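**Q** Sequence plus experimental coordinates follow:
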Amino acid sequence: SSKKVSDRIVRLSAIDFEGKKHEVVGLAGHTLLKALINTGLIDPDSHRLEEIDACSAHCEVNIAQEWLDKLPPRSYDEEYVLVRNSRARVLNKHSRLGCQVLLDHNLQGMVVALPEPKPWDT
Amino acid sequence: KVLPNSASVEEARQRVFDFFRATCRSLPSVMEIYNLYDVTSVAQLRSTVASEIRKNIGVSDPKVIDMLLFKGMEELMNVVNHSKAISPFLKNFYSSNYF
Amino acid sequence: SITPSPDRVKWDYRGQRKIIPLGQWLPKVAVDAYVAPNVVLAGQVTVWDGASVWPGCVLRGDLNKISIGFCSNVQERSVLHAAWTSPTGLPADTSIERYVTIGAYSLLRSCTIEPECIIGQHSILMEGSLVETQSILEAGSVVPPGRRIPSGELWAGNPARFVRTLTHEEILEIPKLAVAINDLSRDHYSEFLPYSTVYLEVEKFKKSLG
Amino acid sequence: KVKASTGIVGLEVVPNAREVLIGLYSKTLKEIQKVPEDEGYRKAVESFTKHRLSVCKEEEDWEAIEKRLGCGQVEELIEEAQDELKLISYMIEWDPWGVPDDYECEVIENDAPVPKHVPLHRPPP
Amino acid sequence: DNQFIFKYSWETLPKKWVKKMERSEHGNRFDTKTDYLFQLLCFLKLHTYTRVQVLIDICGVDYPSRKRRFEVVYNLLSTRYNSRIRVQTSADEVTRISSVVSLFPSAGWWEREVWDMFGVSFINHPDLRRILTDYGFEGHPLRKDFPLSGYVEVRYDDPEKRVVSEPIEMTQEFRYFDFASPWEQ
Amino acid sequence: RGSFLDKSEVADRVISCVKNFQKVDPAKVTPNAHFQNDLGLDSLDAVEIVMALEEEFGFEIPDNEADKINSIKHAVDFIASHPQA
Ligand SMILES: [Fe+3]
């Protein structure tokens, strides 16, 4: 009952666009977007407010099908954002927004993929 | 880049593994270089490279191993740059005197 | 044997500079924020609007970033520092979110204080520690590195220990305290003109010398 | 006066050649103090560095120091001093001093004559 | 002539690596170990009174009788003091000797030429590809055991519509004439 | 639509790739089998297996990750978790 932080630590992995393997550490209850931003493979200024309204699919991550069964399914707003903010207006069926991925020990060890970054300045 | 001589059998083995990796990654380029797709069998080519490495096990000198790897890398670069029942005795006997 | 330097400044005719930029890192202070003249902000220090950095304290963010949020109060003679990496593998920059009151002799290093927090004096937060949102630590509490203070709780003791949960009425008073020290800081702020008159004194000294 | 050009395209004329040479020679002596005294390299370095420092201290004009030294091109002298600093740093980085014991060196001397018309580098006057 | 900086070197150079020295009118000679050749050339190039700052060339000599058949020779020149010096070592087929490309940038092509002709590999060469012989050459031509006419020859193969390489079948074999006199010794 | 290969397809492809070796046998190959012990192979055999897998799946495997592919289960997990396969 020491109430440390190592219990809340959730360790997962991320392969970015060019294929480099990365180790991502994030607290339980803090989103995958926040964990990736802290790791440094997502531009912090690109995505600041962890909200669906402020998300423009700049937090999109592709997750394996055997990991999609461990987190809640995509909401209608998330699916709409993925459909609209894409190169082609299709659903990738393996990608979820990093804002709605609430990290937990169930998802500990999950492997995600960071697609090619998109511009966000104006 | 050329490296100093390997001072350990483990280092020589690691260099051999790196060279085999390089050959395997450079194999598909040889496909478009030579165009023998009918009877190439890329898997058979990999098996032949492994067989060459396995027939070169009698060597135990790390210096000889490093020299062999250097020459193998040179040969890889050259190939990338496109530079190409009557017993055995009786056949040679019928062929010529010098055998 | 040690060799004293003859050209060593035993009197600088000016105290410690309030802002010490290291390399390209310039400490940033919001115009609304109040930092006392006695403080020393060195390196990667970022003080946002409404902050109340009180006299006698020091913020040395040379190793890693130090951030003071909106209406955050850091009181007199406290020390704030950071370092590369932490025992928890989380980012080790010192972050203090909005509506956080921090007592007099607080020793903060690589802490991650979430918004709306109360921290008493003589409180020490070593590397990797985070005090979650809406939490209180009383005076003298020291948290070991990597220890966390859960949200909605009161903690105490030289080794940090949970005392009791916080009622909603007690929780709502943390922003009130933050804005109260903010108002006191605003009262302190009005006594300083944009430019000091000490340059007249140094010119008088130069004229006296020649 | 000032040197319009040093002739060498790579070399460039330096105004404070005397000061640069003085500083380089002082640093040369300070660095060569770390070399063992028994070594002939240290003795030779101290000899020529002290001589050059003395002459460049006594003579003020760069023309005068060039004329007295006899090597000329204070820019070349500065380059030589910098190379000497680099060599001293290298011989501190690796330790070559001291005979390895049980050491043999084969000095070979033959007086086989050569004709006067073969290319032989004549000694400077 | 001009044996000044040679004697000065032997006076100032560390005695650890001077395996042997030769004072000759055909050229002053230093013979050292392959471990300390780079350090020796760095000392000579940088020292203020032995400034051999230009590398004339690097050569190889084959001596099949010796245990270390290859002899790597470095001819260097000092334009500041106007004298030539020679520094050589002994290397065999497998061992790799230190490279002096970092000191003298011109040494790259001569070291590649030495590799091509003899097989003496260098440790720190930026690249060590063959320079002079044909692409895919198998042997080292300047070795004494290497035949003068080589092992393969090229010709145009009409069915292949390309120049192919085949084992040598040359007519008018080389006629080695033994002119050596038994009284020459 | 679709960024990762199906787990069953990856397992079948990896099994088929392993089956195509002369030294190995279909009887002793299992989804959880160590290359050195269960399949009775060598270091060069494991390296060639990894290279064959990466050639079949069309993406380069990093050095350390390839070194950690000493089992069919590890290979399947890595291939199914990689977006470039
Ligand atoms: Fe998002």
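**A** That came in fine, so what should we check first? Numbers count the residues shown, from 1 in each chain, chains lettered A, B, ... in the order given.

**Q** The residue of chain E positioned farthest from its centre sits in which helix or strand?
**A** Residue farthest from the centre of chain E, counting by CA atoms, centre = their mean, is residue E:159 at 42.2 Å. Residue E:159 belongs to no helix or strand when assigned by DSSP states H and E.

**Q** Return the set of buried residues in stretch C:100-111.
**A** C:100, C:101, C:102, C:103, C:104, C:105, C:106, C:108, C:109, C:110, C:111 (16 or more other CB atoms under 10 Å in any protein chain shown). Yep, even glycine has a C-beta here, placed from its N, CA and C like the rest.

**Q** no no, stretch E:4-20
**A** The neighbour-count check on stretch E:4-20 (16+ other CB under 10 Å) flags E:4-6, E:8-10, E:12-14, E:16-19 as buried.

**Q** Can you name the next helix or strand after the lengthiest strand in chain C?
**A** In chain C, taking DSSP state E as the definition, the longest strand is strand C:58-68. The helix or strand immediately downstream of strand C:58-68 is strand C:73-74, counting by DSSP H and E.

**Q** Contact residues of chain F facing chain A?
**A** Within reach of chain A by CB under 8 Å from any CB of the partner chain, chain F has these residues: F:1-4, F:6-7, F:59-60, F:62, F:65, F:80-84.

**Q** Could you identify which of those has the most neighbours?
**A** residue F:4 (25 neighbours; other CB atoms under 10 Å in any protein chain shown).

**Q** Now residue 46. Nearest residue, chain neighbours left out?
**A** Here I'm looking at chain A. residue A:120 (4.5 Å; CB to CB, 6 or more residues apart in numbering or on different chains).

**Q** The intended chain is chain F.
**A** residue F:35 is the one closest to residue F:46 (CB to CB, 6+ apart), at 4.6 Å.

**Q** isn't that neighbour right up against residue F:41?
**A** Yes - in this structure, residue F:35 is within contact of residue F:41 by CB atoms under 8 Å, at 5.2 Å.

**Q** which residues in chain B form helices?
**A** Ranges of helices in chain B, per DSSP state H, are B:9-34, B:42-55, B:62-80, B:87-95.

**Q** ranking the ones you listed by burial, who's on top?
**A** helix B:62-80 (a mean of 17; mean count of other CB atoms under 10 Å in any protein chain shown).

**Q** For that helix, which helices and strands make contact with it?
**A** Judged by 3 or more CB pairs under 8 Å, 6 or more residues apart in numbering or on different chains; DSSP states H and E, the packing partners of helix B:62-80 are helix B:9-34.

**Q** repeat that for 10 Å
**A** helix B:9-34, helix B:42-55 (3 or more CB pairs under 10 Å, 6 or more residues apart in numbering or on different chains; DSSP states H and E).

**Q** can you tell which of these is closest to residue D:110?
**A** Nearest to residue D:110 among the helices and strands packed on helix B:62-80 is helix B:9-34; the distance by CB to CB comes to 44.8 Å.

**Q** and that closest one, is it in reach of chain A?
**A** No - using CB under 10 Å from any CB of the partner chain, we find that helix B:9-34 stays clear of chain A, coming within 14.2 Å at best.

**Q** Whether that helix contacts chain E - can you check?
**A** No - on the criterion CB under 10 Å from any CB, helix B:9-34 is out of touch with chain E, staying 12.4 Å away.

**Q** thinking again about what came up before, wait, doesn't the residue nearest to residue F:46 sit right on residue F:73?
**A** No - checked against CB atoms under 10 Å, the pair residue F:35 and residue F:73 is beyond contact range at 11.1 Å.

**Q** These two: which is more packed in?
**A** Comparing residue F:35 with residue F:73 by other CB under 10 Å, the one with more neighbours is residue F:35, at 23 against 16.

**Q** that older thread, how far out from the middle of the chain is the longest strand of chain C?
**A** 9 Å (CA atoms, centre = their mean, to the nearest Å).

**Q** next one: stretch C:37-52
**A** Here the centre of stretch C:37-52 is set off from its chain's centre by 7 Å, with CA atoms, centre = their mean.

**Q** Next: stretch A:37-50.
**A** 10 Å.

**Q** Can you give me the buried ones in that stretch?
**A** In stretch A:37-50, counting by 16+ other CB under 10 Å, buried: A:37, A:38, A:39, A:41, A:42, A:47, A:50.

**Q** which SS state does the residue minimising distance to the centre of chain F fall under?
**A** Taking CA atoms, centre = their mean, the centroid of chain F lies closest to residue F:75, which sits 4.2 Å from it. Here residue F:75 is recorded as helix under DSSP: H, G, I helix; E, B strand; the rest coil.

**Q** Mind telling me which residue of chain D is nearest chain B?
**A** In chain D, the residue found nearest to chain B is residue D:94; the distance is 16.1 Å by CB to the nearest CB.

**Q** what's near enough to touch that residue?
**A** E:36, E:38, E:39, E:42 (CB atoms under 10 Å, 6 or more residues apart in numbering or on different chains).

**Q** So what's the residue count around the last one?
**A** Read that as residue E:42. 18.

**Q** Next, find the distance separating the nearest residue to residue D:49 once chain neighbours are set aside from chain A.
**A** Nearest non-adjacent residue to residue D:49, counting by CB to CB, 6+ apart: residue D:28, 4.8 Å away. If you measure residue D:28 against chain A using CB to the nearest CB, to the nearest Å, the figure is 47 Å.
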